[PDB]
Amino acid sequence: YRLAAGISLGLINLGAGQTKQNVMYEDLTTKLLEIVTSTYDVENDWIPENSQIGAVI
Amino acid sequence: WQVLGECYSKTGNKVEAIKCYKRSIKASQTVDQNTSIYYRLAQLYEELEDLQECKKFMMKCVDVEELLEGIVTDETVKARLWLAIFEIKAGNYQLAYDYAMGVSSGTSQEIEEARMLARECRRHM
């Protein structure tokens, strides 16, 4: 489902990243990067590694 | 006269429908009644493949809203949304920004269309 969600979000906002709306796009960009780059010593329940693929896609 | 154009519009006699509505515009006693005529008349030019011509009637319909101390009517809501869309293609983001905010008191789908456009023009402003 999280992979399905990630491709879903990416497709809806396809071609919305060529910005030099940017504030919310930048906020969504940094939020996704937080998901993909976060390192957790203790596994959190509601942010597992299963969402990593969806965030990348 | 308004009815005749609709019949002409529905029968693919668009060249005739332009003059029909133009006759209707003179017969109207009050300008406010022309708001509906202006929008649909502008559409008839759009299908006649000349976007420049329809801008002049498009100016008038929105300007009626200002002349009526902000009537904020439905057929100007679709006018302002289309005008802002074309202005983005024209590259004039500042001239398109005020159009989106002025139409921010319409329907549920109308306000979101202008709000997103307002963010689009404010990005390049």
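Read-outs throughout are calculated quantities, based only on the coordinates presented, and are distinct from any laboratory measurement. Cβ: placed from backbone, ideal geometry, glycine included. Neighbour counts: every protein chain shown.
Which ordering of B:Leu81, A:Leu11 is given by a fewest-first count of other beta-carbon atoms within 10 Å?
Numbers: B:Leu81 19, A:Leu11 9.
Going from least to most buried by this count: A:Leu11, B:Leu81.
Rule-of-thumb check for chain B: C-alpha Rg over 2.2 N^0.38 Å? Don't skip to the answer; put the middle values down first.
Working: Rg = 15.2 Å, N = 125, 2.2 N^0.38 = 13.8 Å.
Cα Rg divided by the expected 2.2 N^0.38 Å: 1.10.
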How crowded by other chains is B:115-124, given as the mean number of beta carbons from other chains within 10 Å of each beta carbon? 2
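Other chains' Cβ within 10 Å of A:23-32 residues: what's the mean? Don't skip to the end; give the middle numbers.
Values: counts 3, 1, 2, 0, 0, 0, 0, 0, 0, 0.
Taking the mean over all residues of the peptide, I get 1.
Let me know the shape class of the stretch A:1-52, please: from the alpha-carbon gyration tensor, a ≥ b ≥ c as square roots of the eigenvalues, rounded when a/c is under 1.5, otherwise prolate if a/b is greater than b/c, or oblate. Numbers along the way, then the final one.
Working: a/c = 3.31, a/b = 1.62, b/c = 2.05.
In terms of gyration-tensor shape, oblate.
Ranked from highest to lowest mean number of other Cβ atoms within 10 Å per residue, what is the order of the peptides B:95-102, A:22-29, B:1-8?
On the way: B:95-102: 19.2, A:22-29: 12.9, B:1-8: 15.2.
Going by the mean number of other Cβ atoms within 10 Å, highest first, we get B:95-102, B:1-8, A:22-29.
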Which shape class, rounded, prolate or oblate, goes with the stretch B:1-71 when its Cα gyration tensor gives a ≥ b ≥ c as root eigenvalues, a/c under 1.5 marks rounded, and past that a/b bigger than b/c marks prolate? oblate
Fewest-first ranking of B:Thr76, B:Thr11, using other Cβ atoms within 10 Å as the exposure measure: B:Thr11, B:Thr76
Least to most buried among A:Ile12, B:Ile25, A:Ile7, B:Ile37, by other C-beta atoms within 10 Å and fewest first, runs A:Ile12, A:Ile7, B:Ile25, B:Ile37
